Amino acid sequence: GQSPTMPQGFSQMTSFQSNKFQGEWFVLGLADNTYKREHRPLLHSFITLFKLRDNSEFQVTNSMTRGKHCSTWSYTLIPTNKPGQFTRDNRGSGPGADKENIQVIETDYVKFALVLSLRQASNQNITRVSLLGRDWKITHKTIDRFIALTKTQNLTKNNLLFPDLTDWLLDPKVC
């Protein structure tokens, strides 16, 4: 695996502040080569949190409450030798230990985070891009930054799914 599907209009962060990237992140952008627009995400926008596991491993806890029924899952992102390059540790697995490569191309804790992900599922690798925000009131200026990723990752406009977010009072429910 020496073909890194990463943006050519951006540059990986030479200094990745792990202790600064941690916290809550709303998903304002979701693009995936194996995604379906009519079978789009179970929600409009999920809340994925990043906890400092050991030194830079991110415990990605995705909170997706569908109605009154919530589902939360946490994984551990393992940093590589590259600044801002991770992989979902699936060492506690064997048969289906398909891992997922996470790479933060452009994060800014005050506004947003451009995160790239490629899940190697053996049969094929899934290229997925996520546009995370500190808050959901992100603008198209910030959205466009994610669009650039979708372009470089060769993800068609069909793969681009954006949160409707006409109403988000998902607080006094669960999770």
# chains A, B, ... in the order shown; residues from 1 in each chain; ligands from 1
>>> select_by_dssp(residues="chain A", states="helix (DSSP H, G or I)", output="JSON, numbers by chain")
{"A": [18, 19, 20, 21, 140, 141, 142, 143, 144, 145, 146, 147, 148, 149, 150, 151, 152, 157, 158, 159]}
>>> write_last_selection(atoms="N, CA and C atoms", output="compact mmCIF listing (two decimals), in the first residue's frame")
# COMPACT_ATOMS: atom_id res chain seq x y z
N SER A 18 -1.95 17.00 19.12
CA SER A 18 -2.88 15.96 19.55
C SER A 18 -3.74 16.44 20.72
N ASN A 19 -3.10 17.09 21.69
CA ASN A 19 -3.78 17.55 22.90
C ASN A 19 -4.75 18.69 22.59
N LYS A 20 -4.67 19.22 21.38
CA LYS A 20 -5.48 20.35 20.97
C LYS A 20 -6.60 19.91 20.04
N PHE A 21 -6.36 18.81 19.34
CA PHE A 21 -7.34 18.28 18.39
C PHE A 21 -8.43 17.50 19.11
N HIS A 140 -20.22 27.73 3.99
CA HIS A 140 -19.80 27.14 2.73
C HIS A 140 -18.31 27.39 2.47
N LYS A 141 -17.78 28.47 3.03
CA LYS A 141 -16.34 28.72 2.93
C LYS A 141 -15.58 27.54 3.51
N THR A 142 -16.04 27.09 4.67
CA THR A 142 -15.46 25.96 5.35
C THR A 142 -15.85 24.64 4.66
N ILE A 143 -17.08 24.58 4.16
CA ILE A 143 -17.57 23.42 3.42
C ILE A 143 -16.73 23.17 2.17
N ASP A 144 -16.38 24.25 1.48
CA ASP A 144 -15.63 24.16 0.23
C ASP A 144 -14.28 23.48 0.45
N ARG A 145 -13.73 23.66 1.64
CA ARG A 145 -12.45 23.06 1.99
C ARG A 145 -12.56 21.54 1.96
N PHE A 146 -13.73 21.05 2.36
CA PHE A 146 -14.01 19.62 2.33
C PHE A 146 -14.28 19.15 0.91
N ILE A 147 -14.91 20.01 0.12
CA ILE A 147 -15.20 19.70 -1.27
C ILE A 147 -13.90 19.42 -2.01
N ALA A 148 -12.88 20.19 -1.70
CA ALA A 148 -11.57 20.01 -2.29
C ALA A 148 -11.05 18.60 -2.05
N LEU A 149 -11.25 18.10 -0.83
CA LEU A 149 -10.86 16.74 -0.49
C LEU A 149 -11.60 15.73 -1.36
N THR A 150 -12.90 15.92 -1.51
CA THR A 150 -13.72 14.98 -2.27
C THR A 150 -13.21 14.91 -3.70
N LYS A 151 -12.71 16.03 -4.20
CA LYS A 151 -12.20 16.11 -5.56
C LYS A 151 -10.90 15.32 -5.70
N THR A 152 -9.99 15.50 -4.75
CA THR A 152 -8.69 14.85 -4.80
C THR A 152 -8.81 13.35 -4.51
N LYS A 157 -19.77 13.71 -6.91
CA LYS A 157 -20.73 14.56 -6.20
C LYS A 157 -21.83 13.72 -5.55
N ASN A 158 -22.03 12.52 -6.08
CA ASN A 158 -23.01 11.58 -5.53
C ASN A 158 -22.58 11.11 -4.14
N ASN A 159 -21.28 11.11 -3.91
CA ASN A 159 -20.72 10.63 -2.65
C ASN A 159 -20.81 11.71 -1.58
>>> residues_around(residues="residue 173 of chain A", least_positions_apart="6", cutoff="9 Å", atoms="only C-alpha atoms", output="VMD selection string")
chain A and resid 65 67 to 70
>>> closest_residue(among="A:41, A:9, A:155, A:98", to="residue 28 of chain A", atoms="only C-alpha atoms")
A:41
>>> closest_residue(among="A:33, A:79, A:90, A:1", to="residue 103 of chain A", atoms="only C-alpha atoms")
A:79
>>> closest_residue(among="A:73, A:162, A:58, A:25", to="residue 114 of chain A", atoms="only C-alpha atoms")
A:25
>>> select_by_dssp(residues="chain A", states="strand (DSSP E)", output="PyMOL selection string")
chain A and resi 23-32+47-52+58-66+69-79+85-88+100-108+112-120+125-133+160-161
>>> atom_distance(atom1="atom CA of residue 80 of chain A", atom2="atom CA of residue 13 of chain A")
13.4 Å
>>> closest_residue(among="A:121, A:83, A:29, A:34", to="residue 104 of chain A", atoms="only C-alpha atoms")
A:83
>>> closest_residue(among="A:63, A:123, A:48, A:14", to="residue 82 of chain A", atoms="only C-alpha atoms")
A:14
>>> closest_residue(among="A:49, A:60, A:44, A:153", to="residue 3 of chain A", atoms="only C-alpha atoms")
A:153
>>> residues_around(residues="residue 100 of chain A", least_positions_apart="2", cutoff="6 Å", atoms="only C-alpha atoms", output="JSON, numbers by chain")
{"A": [87, 88, 118, 119, 120]}
>>> write_last_selection(atoms="C-alpha atoms", output="PDB file, in the first residue's frame")
ATOM      1  CA  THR A  87      -4.945   3.962  11.562  1.00  0.00           C
ATOM      2  CA  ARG A  88      -7.837   2.402  13.460  1.00  0.00           C
ATOM      3  CA  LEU A 118      -9.673   4.932   3.937  1.00  0.00           C
ATOM      4  CA  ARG A 119     -11.021   1.661   5.268  1.00  0.00           C
ATOM      5  CA  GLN A 120      -9.254  -1.359   3.843  1.00  0.00           C
TER       6      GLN A 120
END
